[PDB]
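Engineer: Let me give you the structure first, and then I'll get to my questions.
Computed from the coordinates by the stated procedures, all read-outs in this text should not be read as laboratory data. Note that each Cβ is placed from the backbone with ideal geometry, even for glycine, and that neighbours are counted across all protein chains shown.
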Amino acid sequence: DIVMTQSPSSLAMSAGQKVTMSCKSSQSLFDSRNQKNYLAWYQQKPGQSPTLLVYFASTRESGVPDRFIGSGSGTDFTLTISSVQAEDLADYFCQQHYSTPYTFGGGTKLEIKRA
Amino acid sequence: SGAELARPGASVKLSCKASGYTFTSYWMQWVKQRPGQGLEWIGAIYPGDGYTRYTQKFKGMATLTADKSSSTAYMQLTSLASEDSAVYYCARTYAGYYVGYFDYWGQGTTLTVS
Amino acid sequence: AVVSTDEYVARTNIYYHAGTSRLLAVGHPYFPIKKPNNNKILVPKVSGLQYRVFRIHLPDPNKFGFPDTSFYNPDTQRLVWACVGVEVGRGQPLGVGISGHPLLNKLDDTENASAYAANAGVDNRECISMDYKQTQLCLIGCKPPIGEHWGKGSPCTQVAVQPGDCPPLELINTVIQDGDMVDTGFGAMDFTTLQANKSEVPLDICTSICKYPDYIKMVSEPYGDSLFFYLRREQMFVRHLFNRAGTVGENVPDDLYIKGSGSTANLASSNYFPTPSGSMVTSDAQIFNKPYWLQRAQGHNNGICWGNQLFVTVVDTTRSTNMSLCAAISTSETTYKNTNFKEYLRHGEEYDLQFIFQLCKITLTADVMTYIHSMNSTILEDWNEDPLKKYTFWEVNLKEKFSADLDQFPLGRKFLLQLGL
Amino acid sequence: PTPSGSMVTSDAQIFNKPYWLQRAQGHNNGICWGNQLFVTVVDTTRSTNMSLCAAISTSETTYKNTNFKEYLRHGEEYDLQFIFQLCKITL
């Protein structure tokens, strides 16, 4: 199976800082058929169901704040929050959508630092 | 469907009611999340034709089915153990034989086995 | 038991010639032009791909006025016309038509691909045309022709048909009417009731039924009135090999292949369909403008036109040329503008039917009356309203066209020369 | 290579014609021992496959590939006819 490795598993950042989270794949997610990288990022806030942030590695879902940026290709992907806000407190997960079985990364828990 | 308590060795069947789209055109996913743990893929079903795909791990544990007339997907979990206690989500990947992203999630059903 | 007409039908020595002047048909090749608000047909659909079913009306030989009537006894017997010679004249130059659809369900070219095709989005239909399969046929009988085609069969009272479920098939026998369509390369089926898509085939058959003569059934027919002679000539080959867009109705069993990945992760539509092509048309292969001598029939009815009726079914796609004629909206500007010109399409068909009939007599004995009564009671009733009013065919009246001087006509000369005496 | 059986034609038809089995090239001249008879056939001159698709919804007036389920079906039609001659064997 394709194994996905997320890092770091937990990150504490203050409001306004740039957040960078990495996601690995065991196999390339690039399909030459339409030249897309089949990676999605999801946000699971406390007590809620996962919400789609990014798909095809870098395509932002409508309604998602533009501070959320997905990038990368092949085996190395990144989700960036340009300027973290308090409401971004959540667990973040990556999932490949390249061939089966679908596997999820272990997740990154983003905590907010404050005075 | 609502939260459920079942005893070890038993079986449970939880539902997911769809709405807002042509149900039979879209594939449904089922995902497991144990307390304090990450997400695990159980399997997927295509209500339109009855096709199923299962994670090897869950073959023999989970059975997926759907009822077109009520736009409802079901997942039955058998031979329950404490390892099955978890929150279970149903989710839509968009229409087609392609392998798309998961674009809509149910609120989740908590299963307690004890 | 059924018996040859030669048994009870006597042959006289009188022969008459009869012929249509020159039938003409002009219309639009793909569909009828009518008033949008209205439903009255302004211009009819006339295509080389339609069946032409001629309902030939003959003067009742019993009511007819012959110069001499000594040749039979109007007390013990009756008269019937027997078809002995036919010439289906065709008049336009040979040529091939062409049909398409602005929104044909054609995903990708599967005849040869250098890379895995993209992904079906929403509506990948293309504007595509093709040259249908070539067909030449002629059926003659005293009963209308019967065809077969696949339609939507009635479902079994069980498993409720889930929307989108594949509809059940059923071979359906029908009466071939004038104007019906011939199989064009997509087989003989009812595309309206079997293709919700409305874009699987060109416009001209798109919401019609392509029927195929049910030769087997007609020849099995006990009395053999529906057809006592026929000529068929059909040919076709695969021009292109395509894919159908849409969604998998039935998935490809995974025991038939090894799962792909990346691009080949998702299986492309394996709902292939080919584009037909009736090759070149040629004089040497013509079936018409040649006389047919109906002397020995393979059926028991040897060309007897019971009811003073006669059916001639024809299909000729060897003169399917469509002509585009465009009128200018303005005759000023010396600069071309697509818009200054309205483009149209029209197709013309030219026929000329000719026949040689032989007078016959039937002595109405007991046995004969019993037989003819069983066979078709109306025969006797009519002797000393239209039963097919429901159906429509090119009506042809020959009651005023019979002539005893075969000499004066081309089919007539041919007949005399052929039969010597 | 990719094959291709060219054009199909009436003039080249093998069927819908009677076969008179009078002189066999083998020693068994058409005797149906066991009151059995085998007729093997292969005809690819009527291999037309017809695609029939049903709509999942009869509403929207806008084409959507997702709204139609595409299928494939093929039909074959036969009609066997024979003429048999009674035979006797003095044992």
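Engineer: What whole-number distance in Å separates the alpha-carbon centres of region A:69-99 and region C:102-137?
Structural biologist: One Cα centre to the other: 40 Å.
Engineer: How much net charge surrounds C:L325 when only the other residues with a Cβ under 12 Å from the Cβ of C:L325 are counted, with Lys and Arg +1 and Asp and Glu -1?
Structural biologist: Overall, the nearby charge balance is +1.
Engineer: Further, regarding this structure: Return the average number of partner chain Cβ atoms within 10 angstrom of each residue Cβ along peptide B:103-113.
Structural biologist: If you average over the peptide's residues, the count of other-chain Cβ atoms is 2.
Engineer: Which whole number gives the average count of other chain Cβ atoms within 10 Å of the Cβ atoms across peptide C:264-274?
Structural biologist: Average per residue, whole number: 4.
Engineer: Within 10 Å of each candidate Cβ there may be at most 11 other Cβ atoms; applying that plus a DSSP loop requirement, which chymotrypsin sites (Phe, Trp or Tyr not before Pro) in region C:209-286 survive?
Structural biologist: When the chymotrypsin sites (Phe, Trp or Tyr not before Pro) of region C:209-286 are filtered for loop state and at most 11 Cβ neighbours within 10 Å, C:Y257 remain.
Engineer: Then there's this: Return P(r) of chain C (all Cα-Cα pairs; 10 Å bins starting at 0; whole %; ordered from short to long distances).
Structural biologist: 4, 18, 25, 22, 15, 10, 5, 2, 0, 0
Engineer: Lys and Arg at +1, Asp and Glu at -1: add these up for the other residues within a Cβ distance under 14 Å of C:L49 and post the number.
Structural biologist: Summing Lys/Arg as +1 and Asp/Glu as -1 gives -3.
Engineer: So what J values fall out for region A:94-105 if you push phi through Karplus, 6.51 cos²θ - 1.76 cosθ + 1.60 with θ = phi - 60°, rounded to Hz, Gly and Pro as x?
Structural biologist: Computed from phi, the couplings for region A:94-105 are 10, 9, 7, 10, 10, 6, 9, x, 7, 10, 10, x Hz.
Engineer: Which of the peptides A:70-79, C:49-58 is most tightly packed, and how do the rest follow, going by the mean number of other Cβ atoms within 10 Å of each residue?
Structural biologist: Ranking, from highest mean packing down: C:49-58, A:70-79.
Engineer: Using a 10 Å cut-off on Cβ to Cβ distances, tally the other chain neighbours for every residue of C:244-257 and report the average as a whole number.
Structural biologist: What the average comes to for C:244-257 is 5.
Engineer: Does region C:244-390 come out rounded, prolate or oblate, given a ≥ b ≥ c as the square roots of the eigenvalues of its C-alpha gyration tensor, rounded meaning a/c under 1.5 and, failing that, prolate meaning a/b above b/c?
Structural biologist: oblate
Engineer: Over 20 Å intervals from 0, what percent of Cα-Cα pairs in the protein assembly as shown sits in each interval?
Structural biologist: Spelled out bin by bin, the protein assembly as shown gives 13, 33, 27, 18, 8, 1, 0 percent.
Engineer: What list of ³J(HN,Hα) values in whole Hz, one per residue of region C:240-254 in order, does the Karplus curve 6.51 cos²θ - 1.76 cosθ + 1.60 (θ = phi - 60°) give from phi, with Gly and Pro shown as x?
Structural biologist: Listing the rounded values in order: 10, 10, 10, 10, 10, 7, x, 10, 3, x, 9, 6, 6, x, 5 Hz.
Engineer: Got a sec to turn the phi values of region B:75-84 into Karplus ³J(HN,Hα) couplings, 6.51 cos²θ - 1.76 cosθ + 1.60 with θ = phi - 60°, whole Hz, x for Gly and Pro?
Structural biologist: Per residue, the Karplus-derived 3J(HN,Hα) values read 9, 9, 10, 10, 6, 4, 9, 5, 5, 8 Hz.
Engineer: Continuing with the same structure: Show which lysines lie in cross-link reach of A:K18 when reach means a straight Cα distance below 30 angstrom and same-chain residues fewer than eight apart are skipped.
Structural biologist: Filter leaves A:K36, A:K45, A:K109, A:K113.
Engineer: Explain nothing, just the number: relative contact order of chain D, from Cα pairs under 8 Å at least 6 residues apart, as a whole percent.
Structural biologist: It comes to 20 percent, rounded to a whole number.
Engineer: Write down Rg/Rh for chain A, rounded to two decimals, with Rg from the C-alpha atoms and Rh from the Kirkwood relation over Cα pairs.
Structural biologist: 0.97
Engineer: Set the Förster radius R0 to 35 Å, insert the Cβ-Cβ distance between C:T12 and C:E395 as r into 1/(1 + (r/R0)^6), and round the FRET efficiency to 0.05.
Structural biologist: Rounded to the nearest 0.05, the efficiency is 0.80.
Engineer: Here's something else I'd like to know. Tell me the net charge near C:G151. Cut-off is 9 Å between Cβ atoms, C:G151 excluded, with +1 for each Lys or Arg and -1 for each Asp or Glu.
Structural biologist: With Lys, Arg at +1 and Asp, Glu at -1, the net is -1.
Engineer: Further question on the same structure: How high is the relative contact order of region C:144-271? Use alpha-carbon pairs under 8 Å, at least six apart in sequence, and give a whole percent.
Structural biologist: Computed over region C:144-271, the figure is 25 percent.
Engineer: If you don't mind, another one. Rounding to the nearest 20 debye, state how big the charge dipole of region C:29-70 is about its Cα centre with +1 on each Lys and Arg Cβ and -1 on each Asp and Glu Cβ.
Structural biologist: Its charge dipole is roughly 480 debye.
Engineer: Could you work out how far the C-alpha centroid of region B:45-100 sits from that of region A:45-67, in angstrom?
Structural biologist: Answer, in whole Å: 23.
Engineer: Sticking with this one: For C:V2, put the label point 7 Å out on the Cα→Cβ axis and report which residues of region C:266-307 keep their amide N under 15 Å from it.
Structural biologist: Output list for this probe position: C:297-306.
Engineer: Would you work out if region C:343-421 is rounded, prolate or oblate? Take a ≥ b ≥ c from the square roots of the eigenvalues of the alpha-carbon gyration tensor; rounded if a/c is under 1.5, else prolate when a/b is larger than b/c, oblate otherwise.
Structural biologist: oblate
Engineer: If each DSSP helix of 4+ residues adds -39,500 (n - 2.57) and the sum is divided by the residues in chain C, what number results at 222 nm, nearest 500 deg cm²/dmol?
Structural biologist: So the calculated ellipticity at 222 nm is -2500 deg cm²/dmol.
Engineer: Could you check the spin-label model distance between C:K34 and A:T5? Points 7 Å from the Cα along Cα→Cβ, value in nm.
Structural biologist: Label at C:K34, label at A:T5, 7.2 nm between them.
Engineer: Which far-off residues, 5 or more places away or on another chain, put their amide H under 5 Å from the one on C:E200, with H placed in the peptide plane?
Structural biologist: Long-range HN contacts for C:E200: C:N105.
Engineer: Do any trypsin sites (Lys or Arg not before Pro) in region C:323-384 lie in a loop, going by DSSP, with at most 14 other beta-carbon atoms within 10 Å of their beta carbon, and if so which?
Structural biologist: C:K337
Engineer: So if I average 1/r over every pair of distinct C-alpha atoms in region D:4-91 and take the inverse, what Kirkwood radius in Å does that give?
Structural biologist: This gives a value of 18.8 Å.
Engineer: Check each of the trypsin sites (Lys or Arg not before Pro) in region D:1-90 and keep only those in coil by DSSP with at most 15 other C-beta atoms within 10 angstrom; list them in order.
Structural biologist: Listed in order of number, the matching sites are D:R23, D:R46, D:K88.
Engineer: Would you mind putting C:197-209, D:30-42, A:102-114 in packing order, based on average other-beta-carbon counts within 10 Å, highest first?
Structural biologist: C:197-209, A:102-114, D:30-42
Engineer: Using r as the Cβ-Cβ distance of C:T365 and D:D79, and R0 as 35 Å, what FRET efficiency do you calculate, to the nearest 0.05?
Structural biologist: About 0.45, to the nearest 0.05.
Engineer: For region C:27-95 and region C:366-386, what is the separation of their C-alpha centers, rounded to whole Å?
Structural biologist: 24
Engineer: Using Cα pairs under 8 angstrom and six or more residues apart, how large is the relative contact order of region A:39-96, in percent?
Structural biologist: 39
Engineer: Give the value in nm², to one decimal: projected area of the alpha carbon convex hull of region C:144-257, averaged over all directions.
Structural biologist: Hull-based average projected area comes out at 10.9 nm².
Engineer: How would you classify chain B from its alpha-carbon gyration tensor, with a ≥ b ≥ c the square roots of the eigenvalues: rounded for a/c under 1.5, else prolate if a/b is greater than b/c, otherwise oblate?
Structural biologist: In terms of gyration-tensor shape, prolate.
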